[PDB]
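Residue numbers (the entry's author numbering), protein chains in the order written: chain H, 18 to 51; chain G, 10 to 503; chain Y, 302 to 351; chain X, 302 to 351; chain L, 302 to 351; chain C, 302 to 351; chain S, 302 to 351; chain V, 252 to 351.
Worksheet for the structure shown next.
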């Protein structure tokens, strides 16, 4: 239950980190055809 | 006696699934052609079954705890027979895909449920013998399949690949009903967890799709593969995190708390990854780079079953006086020997015997790997949980097989490309024994462009042989390291 | 380029393919030019069988 | 073009196929035109062996 | 130099590639010579489309 | 016809094969004709070394 | 035309071979005729290396 | 006779003309050494003049590290007593300490 609440909590941090990395890599590839 | 008849019936039950698994991959070309579709389009006939079976295998224990083991076995057998018949009489690729999905979903509870029934029903005085007999049927069917598959593909209309399962199912159901009467299993009703089922479906389906489709899409250079891998990893992570906290075990993970189970599962899974990633190449190599036919190509793997079909009882009979770990170590050394044998002996002009002795040697390695490691895997667990442990073991093993195939195929093609690049360099002007080849070719009447194509084809074949032999060397080297892991398991064997 | 050999013995059945010639509107190509070898997707309306 | 070379020390038996020629009714080709290289299914009757 | 034959049934889709020519500056070539066939990683700034 | 192209780096001994020219009785060919390339099975009686 | 070599990236090393020429005593040869391409087994002495 | 040493693009840099070299062969093992010098590097990687595509058109493209030949000249007083033959394998090592 609470362990379950922290199971969803830790998962959310990773997801947000990935979403934030997605913008940086987006801008990087968009400004240069390599 | 009833014991022998039951043994035959359960052997057949675990034999039919392996036969069906192996035959379709061999028969895919002709089936794809006869329904007006391409190899890529037809290969969906295998991925669908892969996904369905992958989903079905982990779920055996949950249905076992409620429906009842014997009833589940009988119903699954009859349903599989019906599904095979339906597939056989199909008339379109889409309908074939539909019926294959149904068949795969149905066939999941065959191997683990059969193993559990065989283990429990036999008295403990002959548990080792029962396990030894079981391992045979998983070691002989993969070779018994392709020969018949090729004969049926090249002689009669397809559909008879999926008809042979009907009589096998009929015999299995008749014998099981006549022999297992009264040996029912206790049941229990419990609440259903929905998030677990949804998380398992999504994650495992995504993983199977990714593995089976990655090649043609150049893996991580396609956005579809990226989204598939993301969804798979997220689902598995969250799903695993939940199960250890779930009160109702949609998947019984408490078995991992046993050191023996962890070590045995890991060893069998990794060894199976290597094995099944290796053997897959040989048929394609023979058919494409040497001109073999399907039936001849399958015939080259017959000598593997010569040794196990003899030593399996002897190993089973004498199991009382062997430290099974030493058998596992010997098998790993024997698998390294066979692969190094293939590595330093493959040549463009090699006869049928050059690829038949190594499998005769591999017979020993395969013979002494399944029974001991499976005895270690299920050591000391109570009789009632044997079903769930078997389900987990089979799920891990199938995952390993799929991963091995996925890695090996890509490595083969990519190293072939590298060798092609390194070879075509020598073919240029300013080179004797390069204009001479063109002169001899033009002697036979070929144009310049045709001669160039012929030279390119030869370079391709040589590269495939070199790349194929580079994979065997790597596999043997990897085996040399996996050797010692089996010694971490305690000796409570019994 | 290299003639197909079908009376071999290791023959297997595969679907054949037949090229079809398609015209294009040149005005459209005026503003979005193409180059030889670029891949495409084609959709033919066969509802008019005459 | 290249006659398959036996006696190579890596020889395996495979069935051999011999081409057979069939004349198609010309009054029906005009109604259903065919192309070079289109696969077909052939059935040849053999009861009258004279 | 050898054509690709796409109408063969055993056809798998593959993304195509188009050569592009890039003009190097000769002043820095004297300082750092280059040989024919070496490999490099390129990057085109497409921010301006005029 | 063309040299067996250079191996990949391994070499293994294989048995070699040598052709033998066997005559046929013409009076029986007319009853049962043959054609070039048909597989057969010969058995040479070798009890008269001489 | 396709020389096996230790091209960079190869995981398996290779060893080259160099043909050497032998001469046969003809009195033996006339008694037991040989033919081109037949395989044998040669053992060359190296005790004296002047 | 000379030696053609195929180095990767990673190693071609730092190699100048005249640098010392040491070459050891396999027929003679390690019991005999050879001395030599760099004559020069080639302005091509072999694939420059090839008459065929490096890779198949149908397949994908895979990166491959290239190699660039180097001419090395042997000392002639060692050949006369320990002669060589065309196409024999050899381990080459070039001293790159000094860079004019």
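Just so it is clear, CB atoms sit at the ideal spot from N, CA and C, and this is done for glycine as well.
For residue i, the three-state DSSP class (helix, strand or coil)
| i | result |
| --- | --- |
| residue 307 (chain Y) | coil |
| residue 86 (chain G) | helix |
| residue 339 (chain V) | coil |
| residue 499 (chain G) | coil |
| residue 334 (chain S) | coil |
| residue 294 (chain G) | helix |
| residue 330 (chain G) | helix |
| residue 316 (chain G) | coil |
| residue 297 (chain V) | coil |
| residue 10 (chain G) | coil |
| residue 43 (chain H) | helix |
| residue 422 (chain G) | helix |
| residue 165 (chain G) | coil |
| residue 438 (chain G) | coil |
| residue 224 (chain G) | coil |
| residue 391 (chain G) | coil |
| residue 403 (chain G) | helix |
| residue 28 (chain H) | helix |
| residue 354 (chain G) | coil |
| residue 279 (chain V) | coil |
| residue 264 (chain V) | coil |
| residue 196 (chain G) | coil |
| residue 309 (chain G) | coil |
| residue 312 (chain V) | coil |
| residue 20 (chain H) | helix |
DSSP beta-bridge partners of residue i
| i | result |
| --- | --- |
| residue 323 (chain V) | V:254 and V:289 |
| residue 273 (chain V) | V:286 and V:344 |
| residue 50 (chain H) | L:345 |
| residue 259 (chain V) | V:318 |
Residue i vs residue j beta-carbon contact at 7 Å
| i | j | result |
| --- | --- | --- |
| residue 372 (chain G) | residue 285 (chain G) | no |
| residue 272 (chain G) | residue 497 (chain G) | yes |
| residue 217 (chain G) | residue 60 (chain G) | yes |
| residue 24 (chain H) | residue 147 (chain G) | no |
| residue 139 (chain G) | residue 122 (chain G) | no |
| residue 318 (chain X) | residue 308 (chain Y) | yes |
| residue 39 (chain G) | residue 162 (chain G) | yes |
| residue 219 (chain G) | residue 208 (chain G) | no |
| residue 175 (chain G) | residue 94 (chain G) | yes |
| residue 433 (chain G) | residue 468 (chain G) | yes |
| residue 36 (chain G) | residue 158 (chain G) | yes |
| residue 50 (chain H) | residue 316 (chain L) | no |
| residue 151 (chain G) | residue 31 (chain G) | yes |
| residue 97 (chain G) | residue 168 (chain G) | yes |
| residue 3 (chain G) | residue 303 (chain G) | As displayed, chain G neither begins before 10 nor continues past 503, which places residue 3 (chain G) out of reach and without an answer. |
| residue 443 (chain G) | residue 290 (chain G) | no |
| residue 349 (chain C) | residue 356 (chain G) | no |
Checklist entry - Which residues, in chain order, does the segment 236-253 of chain G contribute to contact with chain H at a C-beta distance below 9 Å? => result Answer set for the segment 236-253 of chain G: 239, 243, 246, 247, 250, 251 and 253.
Checklist entry - What alpha helix (DSSP H) runs, 4 residues minimum, are completely inside the segment 67-138 of chain G? => result 69-75, 78-97, 102-116 and 120-130
Item to check | Residues of the segment 31-54 of chain G whose Cβ lies closer than 7 Å to any Cβ of chain L, in chain order | outcome: Along the segment 31-54 of chain G, the positions whose C-beta sits under 7 Å from a C-beta of chain L are 47, 48 and 49, read in chain order.
Checklist entry - For the segment 310-338 of chain V, which residues have a beta carbon sitting closer than 7 Å to at least one beta carbon of chain G? => result Within the segment 310-338 of chain V, the qualifying residues are 310, 311, 313 and 315.
Checklist entry - Name the residues in the segment 299-328 of chain G whose C-beta lies less than 7 Å from a C-beta of chain Y; which are they? => result For the segment 299-328 of chain G, residues whose beta-carbon sits nearer than 7 Å to a beta-carbon of chain Y comprise 300 and 302.
Next on the checklist: So if I threshold CB-CB distances at 7 Å, which residues from the segment 443-476 of chain G count as touching chain Y?
Outcome noted: 458, 459 and 462
Checklist entry - Which parts of the segment 444-479 of chain G are runs of the alpha helix (DSSP H), unbroken and 4 residues or longer, counting only runs that do not cross its ends? => result 444-452
Next on the checklist: Give me the subset of the segment 278-306 of chain V whose CB atoms are less than 9 Å from a CB atom of chain G, sorted by chain position.
Outcome noted: 296, 297, 298, 299, 300, 301, 302, 303, 304, 305 and 306
Item to check | Ranges of the alpha helix (DSSP H) found wholly within the segment 236-302 of chain G, counting only runs of at least 4 | outcome: 268-288 and 290-298
Item to check | Members of the segment 252-276 of chain V near chain S, C-beta cut-off 8 Å | outcome: 257 and 259
Checklist entry - Of the residues that make up the segment 208-239 of chain G, which ones have a beta carbon closer than 7 Å to any beta carbon in chain L? => result Residues 225.
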